[PDB]
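Just so it is clear: chains get the letters A, B, ... in the order the sequence lines come, proteins before strands, and each one is counted from 1. When reading the values below, keep in mind they use all heavy atoms of this one structure, side chains included, and skip hydrogens, waters and symmetry mates.
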Amino acid sequence: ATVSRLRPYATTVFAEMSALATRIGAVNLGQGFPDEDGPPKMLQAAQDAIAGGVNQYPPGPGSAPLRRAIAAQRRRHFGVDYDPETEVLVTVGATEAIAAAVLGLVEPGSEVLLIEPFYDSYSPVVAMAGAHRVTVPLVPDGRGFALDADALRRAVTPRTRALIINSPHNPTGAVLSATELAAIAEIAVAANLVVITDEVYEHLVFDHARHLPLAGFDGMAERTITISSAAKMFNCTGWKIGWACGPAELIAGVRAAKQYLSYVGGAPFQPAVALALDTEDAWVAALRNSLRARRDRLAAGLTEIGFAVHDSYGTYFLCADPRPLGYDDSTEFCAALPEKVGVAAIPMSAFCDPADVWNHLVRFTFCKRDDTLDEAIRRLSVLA
Amino acid sequence: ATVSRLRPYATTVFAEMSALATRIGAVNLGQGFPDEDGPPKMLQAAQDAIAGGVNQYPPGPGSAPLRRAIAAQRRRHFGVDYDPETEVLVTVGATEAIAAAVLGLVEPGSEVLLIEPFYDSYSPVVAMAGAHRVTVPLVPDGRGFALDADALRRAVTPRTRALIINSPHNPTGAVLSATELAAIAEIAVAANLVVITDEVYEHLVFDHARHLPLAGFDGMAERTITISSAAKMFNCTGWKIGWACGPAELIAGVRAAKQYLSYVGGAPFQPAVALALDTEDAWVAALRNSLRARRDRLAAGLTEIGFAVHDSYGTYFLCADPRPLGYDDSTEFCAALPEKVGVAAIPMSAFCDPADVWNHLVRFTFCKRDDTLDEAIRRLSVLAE
Ligand SMILES: [Cl-]
Ligand SMILES: [Cl-]
Ligand code: NA
């Protein structure tokens, strides 16, 4: 039983799916997390931190070293230069930075624009704030997807306070082009919006796609809360070391909510993640490479089975269409999948506003070991 | 910088104090966390968990061993039986349990009763849910503090929907008596309240005080969310393994909000805390005896200096009054203390509704290393004139 505005979101298919798969013994290609660990020296650092007494509340905004390391990484990678003392806030994952940014910054009654299909937490967070979700779908292009900038512009109203942008994009694996980003900036500037970007896949762009933080576009620095995380970057989704970066005033509204949601967390992980950020670029590049190969590996397998596979330019997900196999209901496809076939995936319906080809798509995860991907493919092959 | 309703809460003094004292080398008796670590075997199990790959999202409601261990501990200590599958939710500390329980169960426009002085997160969490706090103060009872059940009853209106109780109590160190708990129960039932109880100091009761979980009282099991944490119980406030326990439908409401605030956290700590709950009762008992001895030392030292020290029956906090020393402004006293005296503490004004004893009290922490605690007392001794 839950408050009225959270009722639509009281359960997710994500948990019903991972629990089902877990003791069907179904290969889980629905999971939002990796099989493999982060950098060995990062794991060791976290172990040494516990052993060395780093087990109490860290400073409210995050340890100084971790805040410096985040600013140093954003500067190193992208040339955006944040002040670690006032413009960087460590959070309990990107998940908390998202929740706190909306609760801290968006007044009840305001509209928040979402790009559809959207990550699972955006709508309920907007609803928790008492704000109104307005969704603008991506459009196919032809094997991938693209922003429809005119559609986004039309969606803005005087009630729009904020826009949440997620690139590289979960679930489609789209990577917003500079042109798309420039169009988003023009709109955000013209309407005087706050923009919250969700960049947790910043390290995962494939095939000459390039991650270009929106905060770097004209007019954007002063109005963007940029969110990312160690979760996927360093394969430590269970550590929940994320961060929001932006203008001190906006970071203060984020901190204003955040400090009462968790206060702080992840004490021994903060020095370990700071170390990873400072030192593990080469490991991250090898991760990205390993995932590009696994993407190709899964795509090739789905394709040989007879799925119509869409391009993925980043993240560790790709979307595929089972219509060529004879499966026209993808929510029912995925529902039946573990018991019929012994694989789990997520239907695209999970990421879409309840009232285009979207309803047919399935999201598959490829951050699994080689062998597991292969086994998934073998199991799925019975559909042919 | 911030939405209207959180503006009063945008900054805490718990921030400006921590940092003032940290880097002028003032002994910090304002802190809300211990100097020392939890059970060695719990620390090692967390390190082992990291080394063993336990680094990814745990299950949405907490790992099964942890939920089982919470239910086993609540049974073992209180004889209360929760179903670990449906009636136990692991959260990101008690703090997130509180936030998610209010956001998940309390409708905008509701009144939420709070007992003043109150923990820092209650008021802003109520505001974030679009609800209205109604505050009822404790009253002096000799050297200690008491619930005024009549004031509490009178504070209920047709729009009251929830009540947050914290016992053992931060900041006074009061521990609600069965008589007080039973009076809360009557009120909650009569007004059909959801009650959230913050029991993070469940292990820290002293002398003849007893911790009696409110969920145990008449008509309460069906309307109560009981919250606690490994934070203080096992000296790991940075690990944020908290939990909420209660009827399946209320817990689902907590989970509904919680799963979008953090989703989950603390992966390698969950097996470690499960272990500590299952096996480290002896260590927790010694910790409690150890903190009783540090309380008595602090109280004796403040008293000898010339503070009027109040009774404390639990938590690792005690309250004292510096008026007999000649300090009639305790917010100012605390502001100047780190520079003047080399010690930091929190004034009671930081726990009161910004709308008489309270304004003069100062909360001191005694979960300090013994010698650190002695140094603080030593430092405070300059105030004897
Ligand atoms: Cl371009
Ligand atoms: Cl009694
Ligand atoms: Na506008």
Side-chain angles (χ1 to χ4, degrees), chain A residues 59-60 252 256 259, chain B residues 7-33 114-124 135 137-140 143-145 169-174 298-312 315-368 372-385:
Chain A
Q259 65 194 350
Chain B
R7 282 185 201 154
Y9 312 102
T11 58
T12 46
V13 68
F14 304 85
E16 21 224 276
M17 210 71 85
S18 273
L20 207 165
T22 284
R23 278 287 44 164
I24 65 155
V27 175
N28 193 345
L29 305 186
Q31 61 191 62
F33 59 86
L114 306 173
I115 301 290
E116 184 188 22
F118 36 61
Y119 188 66
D120 200 42
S121 82
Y122 305 168
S123 299
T135 58
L138 294 185
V139 299
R143 288 324 294 169
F145 306 96
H169 185 243
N170 176 5
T172 61
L298 187 61
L302 293 183
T303 292
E304 179 193 19
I305 293 171
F307 293 80
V309 175
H310 286 262
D311 291 329
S312 173
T315 79
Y316 48 47
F317 306 108
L318 68 69
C319 290
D321 168 359
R323 280 176 296 180
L325 294 181
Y327 298 96
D328 206 2
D329 195 337
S330 286
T331 302
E332 261 296 304
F333 171 83
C334 281
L337 209 61
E339 255 272 311
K340 206 210 296 158
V341 167
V343 174
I346 320 294
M348 178 58 60
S349 70
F351 312 85
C352 292
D353 183 322
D356 187 307
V357 190
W358 305 109
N359 40 113
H360 302 288
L361 300 178
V362 170
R363 194 196 70 181
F364 296 85
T365 304
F366 50 78
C367 51
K368 300 295 285 177
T372 286
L373 186 69
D374 288 347
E375 183 45 28
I377 297 165
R378 225 195 171 192
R379 281 183 188 194
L380 288 158
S381 66
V382 298
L383 298 172
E385 193 64 324

N/O donor-acceptor pair under 3.5 Å between [X] side chain and [Y] backbone:
X        : Y        : answer
B:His169 : B:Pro117 : yes
B:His360 : B:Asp328 : yes
B:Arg363 : B:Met348 : no
B:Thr303 : B:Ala300 : no
B:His310 : B:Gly144 : no
B:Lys368 : B:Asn28  : yes
A:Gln259 : B:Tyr9   : yes
B:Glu116 : B:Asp353 : yes
B:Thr315 : B:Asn170 : no

Does [X] [atom1] have over 12 foreign heavy atoms under 6.0 Å away?
X        : atom1 : result
B:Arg143 : CZ    : yes
B:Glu16  : CD    : yes
B:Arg378 : CZ    : no

Using 0.5 Å steps for rounding, measure from the [atom1] atom of [X] to the [atom2] atom of [Y].
X        : Y        : atom1 : atom2 : value
B:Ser330 : B:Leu337 : OG    : CG    : 10.5 Å
B:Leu298 : B:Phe366 : CG    : CZ    : 7.5 Å
B:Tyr327 : B:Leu383 : OH    : CG    : 5.0 Å
B:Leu138 : B:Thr172 : CG    : OG1   : 5.5 Å

To check you understand the geometry: which heavy-atom pair defines the closest contact between [X] and [Y], and what is its length?
X        : Y        : result
B:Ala26  : B:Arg379 : CA-NH1, 3.8 Å
B:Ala320 : B:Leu302 : CB-CD1, 4.1 Å
B:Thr331 : B:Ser349 : OG1-OG, 2.9 Å
B:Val362 : B:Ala345 : CG1-CB, 3.4 Å
B:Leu318 : B:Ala299 : CD2-N, 3.8 Å
B:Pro338 : B:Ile24  : O-CD1, 3.3 Å

Check: [Y] and [X] side chains under 4.5 Å, non-hydrogen atoms:
X        : Y        : result
B:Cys319 : B:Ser312 : no
B:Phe333 : B:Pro347 : no
B:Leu29  : B:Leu373 : yes

Point to revise | Residue from B:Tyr316, B:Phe307, B:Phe317 passing ring pair (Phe, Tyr, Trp, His ring centres under 6.0 Å) with B:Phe364 | key: B:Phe307
Check your understanding: Between B:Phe14 and B:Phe351, is a ring pair (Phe, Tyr, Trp, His ring centres under 6.0 Å) present by the stated rule, with each step listed?
Key -> CA-CA 11 Å; B:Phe14 304 85; B:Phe351 312 85; 5.4 Å; yes
